[PDB]
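Order of the sequence lines fixes the chain letters, A, B, ..., with proteins taken first and strands second; residue numbering starts at 1 for each chain.
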Amino acid sequence: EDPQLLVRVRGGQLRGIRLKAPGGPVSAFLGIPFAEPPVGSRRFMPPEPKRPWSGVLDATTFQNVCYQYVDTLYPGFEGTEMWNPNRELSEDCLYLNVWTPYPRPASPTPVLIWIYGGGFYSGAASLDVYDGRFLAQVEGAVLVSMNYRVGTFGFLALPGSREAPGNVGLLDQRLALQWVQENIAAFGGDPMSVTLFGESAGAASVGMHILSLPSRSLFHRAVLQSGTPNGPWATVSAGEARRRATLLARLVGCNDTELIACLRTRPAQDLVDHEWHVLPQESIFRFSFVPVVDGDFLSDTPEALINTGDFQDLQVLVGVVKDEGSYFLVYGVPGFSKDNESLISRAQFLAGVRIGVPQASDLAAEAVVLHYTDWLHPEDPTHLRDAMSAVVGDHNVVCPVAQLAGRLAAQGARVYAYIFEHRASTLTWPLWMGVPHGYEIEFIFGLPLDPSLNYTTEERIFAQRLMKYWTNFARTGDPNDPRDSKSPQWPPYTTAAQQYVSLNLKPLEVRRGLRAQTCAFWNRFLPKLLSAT
Amino acid sequence: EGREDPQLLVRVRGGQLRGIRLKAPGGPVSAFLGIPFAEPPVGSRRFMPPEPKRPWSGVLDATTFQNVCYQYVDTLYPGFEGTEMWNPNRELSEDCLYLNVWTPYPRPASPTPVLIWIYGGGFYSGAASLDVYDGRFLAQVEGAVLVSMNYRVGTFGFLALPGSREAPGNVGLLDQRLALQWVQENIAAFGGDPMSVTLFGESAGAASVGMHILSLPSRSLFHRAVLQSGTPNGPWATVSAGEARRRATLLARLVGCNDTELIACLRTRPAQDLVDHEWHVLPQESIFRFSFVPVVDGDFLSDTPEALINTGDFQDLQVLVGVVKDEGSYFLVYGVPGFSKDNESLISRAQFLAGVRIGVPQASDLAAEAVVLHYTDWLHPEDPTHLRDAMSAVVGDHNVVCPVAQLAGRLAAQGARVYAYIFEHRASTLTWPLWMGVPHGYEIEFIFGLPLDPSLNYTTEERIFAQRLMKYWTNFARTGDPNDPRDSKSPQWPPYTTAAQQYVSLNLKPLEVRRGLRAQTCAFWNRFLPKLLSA
Ligand SMILES: CCN1CCC[C@H]1CNC(=O)c1cc([N+](=O)[O-])c(N(C)C)cc1OC
Ligand SMILES: CCN1CCC[C@H]1CNC(=O)c1cc([N+](=O)[O-])c(N(C)C)cc1OC
Ligand SMILES: *[C@@H]1O[C@H](CO)[C@@H](O)[C@H](O)[C@H]1NC(C)=O
Ligand SMILES: *[C@@H]1O[C@H](CO)[C@@H](O)[C@H](O)[C@H]1NC(C)=O
Ligand SMILES: *[C@@H]1O[C@H](CO)[C@@H](O)[C@H](O)[C@H]1NC(C)=O
């Protein structure tokens, strides 16, 4: 037996597996339980630490995926299926995965912890695009990723109740973070250098660990890709969460205690079947069961917490892709399809806006339409299509990111910002969607280094650059290569200069102002307008 | 008669006139100055519609400009040429309804297209006798017959108690219409063609031209129209009947005064006493707002200009409209703290916020917020140079550029032939500071061809430039097309259309075609702002 693949953790012994990366072997420990299975009476409850086990636990394979909705928009299409569960569904899903170099690091190595996205309703740490072997082999990183409960199972809340207090999926993440503190040194990981990174809902989660004190002692740096804790979709008020929960109960034939008891008798798929039916309006980029402002995990709204927080000892890397909104349009806006160029009329654009900005009053929706219309080409379908994408991307991601970056920088944080502008040569979505939400991930994780994936050689060089930025950020809080003696360097984002860089096949270019004018509209004007309409 | 120049003697409906032979750079022109076209609107006639001048006996001398209508005299920068050039250059009097005619010398052989100038000055000031309105160059170089009239301004022209018999309102506009009627009856005696009459005017003069377009009885008195930096629509050119009445009565009170009785009392007041209070009736601290302006009376103006341009059929209309590069800058020094001609007027963010309230005086807090948000450069939200320029742009866009854009769009969409320009050349002779750019009113001297006068020290290029502009304006008057039909080599000036939104740059360089008259920003003013108001 290979002693490199044998680790003792607090819970007992486990056996990992030696995997091939293009440049060498890595050690992988997959399917490690970090919690008691949250099943039966444990449904909707906070996670509890996994009890110890006898003998040697088999950690050579990915564990089940947390119970979730499965996308059927384009059955069998690679672009959608790549996000779908790639293992069996189960509520027994609280496991994490660790990749280290082979052999085990001689000295304590910086840890990256990945938190998957998926709108808080889906996702899994076992997807191919989250494969940690490349970062492990090439950058010598210790990489961790955990499953956490999504949908009703992770976020259904009757605020105040003992049996569905909300945010349990965030607690799953936190428990995993605790597990890393207590165990990662056994793998050669350094618990004094832990960097969280995540995309979309994963980024929002990272943001919430920043804004929740008990998490703060479990990591040192953060990366938020295309997602924030502030903004329109990442959280709900207690009242809205309570509302969605009792509506769901009503929908499945179900006093908090009684209501939750009856929900607990329901087969998992019965809950999933009605998950989407509780949203207050017809919308896109909106998810039924998400973190709730409980006054506990989140002591106040993310907006309020970023405004008043002290972030002096924090380093954050945040960024967006070129076309944040395009992906979501095919999931609710009439006129949009992956199978044509989605050229839309003016009427369709106005209709699309009420759906993309579902909380907007008539006047607010009018403001949006008039801001985004190109008055030189008010009825041009190509521009109306691209504007619809921009409305969704800006409202949900770009402007919330700009707001976050600004508050963090102003309040002591060291911040680096990017925009990712390279569209994968292997992308299966149409050209009109550009660089869609989620398609920087395969580059950060270094998938183009696998020659069987048919990425171009420029893309391989690109991926290697990104892996260096991310790992260097993990190691130091500064994504700049300490061996690169060339201008330009990646400068910190500040409120004065507002510098950020473009990530693409060309060398780093420095830009100023992350949609400054348009985000002033979203971040400064619209709230005034809503609180008056 | 018998020993004088036989080429300077002309008879009009009211009697005989003797004009004067004037020297223009390229030769002599005929001038007939101070021709009376109405009975003096004095005494019991104050605030009343003008009556046609009754015939005189003998030969009326028409060799000098007549009185300037009673008005406020600008004292902001006493003695400074930049202000004094707009001030009265003849005696102030309520007896001021006179007009001027320039024609070639000797007078034209065949009927000649007529240009009629209507001066600006916010409806509270102005005169046809100012140097910048000298018709000698257009007459000499282009062979134009040019006419300009004095019309009543301020309280005298526009104080209204709507519905009353003694102060119906808009009488300054009726002064103008009467002059237009005078041209129809009499211009043929000078060689002018009453069947080709083009109105042109700047600022309030432009707004006046627009109101003639929108008022049925004026429509039969002209054929084409030019509106320079002004429109009948927009925030300043008209007030509601209720607002006019409110201002009229407040003014009456401030000077010691049933409508009949109130107006009777106002008629006993010295002209100067009215002038001394006219600024005091404005409802807010403001700039680009004027107390006594045309009123929406349901008569001269059957409805608001906005409603009239929206639902009008303008198939018969050919218009030339445009703006200068810095419409707003001139106005900032008349009321926005931080601004002066004597320094760079770099301002703080605080002064910008306050300036916006003054520049958009009718704005709610939310609307003002929208304005500040839109004009702020969020990369440099506190840069004083940018803030100064933004303040200017706020005032210029709100009052002129966006109302012009609105007018061009409605007219084009409704059958009119529209030509649009932006004027971007700053006179080498300008006495205002550089920060003001090309201020409101400073294209006028070029259109009238003043740089042809060697004593004025314009550059040779400005002289060539002026000649180009006179060509465009006179070609438009002649044909409804500013382009020279016998050139083709020169770049062409395409019509403004809703589909392409083309306009040309007017400067020292050959015409350049651009698209969208501040399309994005003017969508804010013209489409979003009003909806924010009705909320
Ligand atoms: C659109 C981008 N995503 C993120 C991960 C992969 C892909 C999957 N699907 C979505 O994110 C997604 C979104 C919405 N929505 O509200 O926009 C939606 N509605 C039915 C309302 C449904 C969705 O998937 C089934
Ligand atoms: C500012 C442009 N004009 C037009 C012709 C020359 C010059 C003359 N002066 C004005 O037009 C002018 C304007 C305003 N105003 O409303 O901004 C104003 N007050 C607010 C009192 C006073 C003014 O003159 C005394
Ligand atoms: C694209 O296809 C969808 C459904 O197949 C349809 O709703 C839409 O009208 C189409 N758009 C175009 C560009 O024809
Ligand atoms: C310019 O002049 C005016 C009036 O004297 C003054 O109020 C303003 O503050 C001045 N600005 C500067 C930068 O001197
Ligand atoms: C033009 O130039 C001459 C010579 O310098 C000068 O004396 C005269 O005053 C100037 N004229 C004007 C109108 O400024």
Atom [atom1] of [X] with >12 non-hydrogen neighbours under 6.0 angstrom:
X: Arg527(B); atom1: CZ; value: no
X: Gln281(A); atom1: CD; value: yes
X: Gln359(A); atom1: CD; value: yes

Find the one option among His377(A), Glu379(A), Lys528(A) whose heavy-atom pairs under 4.5 Å with chain B are most numerous.
->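 Sorted descending by pairs with chain B, the first entry is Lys528(A).
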Ring pair (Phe, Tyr, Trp, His ring centres under 6.0 Å) contacts in which one or both residues fall within residues 343-362 of chain A, not counting sequence neighbours =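 Not a single pair qualifies under ring pair (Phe, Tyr, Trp, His ring centres under 6.0 Å).
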Chain A neighbours within residues 510-521 of chain B, where any heavy atom lies under 4.5 Å away |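 Within residues 510-521 of chain B, the residues that come under 4.5 Å of chain A (heavy atoms only) are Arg515(B), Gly516(B), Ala519(B), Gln520(B).
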Can you name the residues of residues 390-410 of chain B that have some heavy atom under 4.5 Å away from a heavy atom in chain A?
->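 Within residues 390-410 of chain B, near chain A: nothing under 4.5 Å.
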Between CG of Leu373(B) and CG of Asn523(A), what distance do you get to the nearest 0.5 Å?
->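 So the gap between those two atoms works out to 10.5 Å.
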Of all the residues in residues 490-500 of chain A, which have a heavy atom that comes within less than 4.5 Å of a heavy atom in chain B?
->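 Within residues 490-500 of chain A, the residues that come under 4.5 Å of chain B (heavy atoms only) are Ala496(A), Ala497(A), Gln498(A).
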